[PDB]
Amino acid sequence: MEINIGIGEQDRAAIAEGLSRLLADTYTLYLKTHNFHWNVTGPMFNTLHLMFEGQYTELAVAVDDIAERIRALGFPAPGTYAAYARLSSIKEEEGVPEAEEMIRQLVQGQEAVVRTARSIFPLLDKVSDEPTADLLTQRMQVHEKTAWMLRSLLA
């Protein structure tokens, strides 16, 4: 069926491409958060184990909402290691850093998702894609709150 929702095929494709970057970033942050949740040690084990669990749990829902916005726009959602490693702007950590370095990396990762989302807005303004604009806003709200919570631990 034709898709008649007030955005042309070429603009939908372009929003889908930006959202694909956002998805890869969110999913990469999801796995890293899940990773640090397993692997963190030291006197903050209990608090960071729990904190990270709440974060990756929220991220899993976000991954699903971002992907399904892509589907609503008429495009398949990417979902492989290869696609996400290419599309993602988050630094992957292959070892096991100390707790404070895990915290910093996760702070940076929240800001990376925010940065990716800020890059998509001018496009959304130009085509007046209000639903996608609201989704980006919610993600920034969540990632900027999570950033305050994480960095507060470092003071």
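Note that the rigid core is defined as the largest set of C-alphas that superpose within 1.5 Å between two forms. Heads up: residue numbers just count along the shown sequence, starting at 1.
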- Query: Comparing C-alpha positions in 4 other deposited structures of this protein against this form, with the rigid core used for the fit, which stretch differs more, 66-74 or 121-129?
  - Reply: 121-129
- Ranked by mean Cα B-factor in the entry, 30-38 and 112-120, top stretch is 112-120
- Item | Chain thirds of CA B-factor: placement of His143 | lowest
- Query: Comparing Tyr84 with the other modelled residues of its chain, is its CA B-factor in the lowest, middle or highest third?
  - Reply: middle
- B-factor third for the C-alpha atom of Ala24 within its chain: lowest
- Can you tell me which third, lowest, middle or highest, the CA B-factor of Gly95 falls into for its chain? lowest
- Query: In terms of the chain's CA B-factor thirds, is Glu58 lowest, middle or highest?
  - Reply: lowest
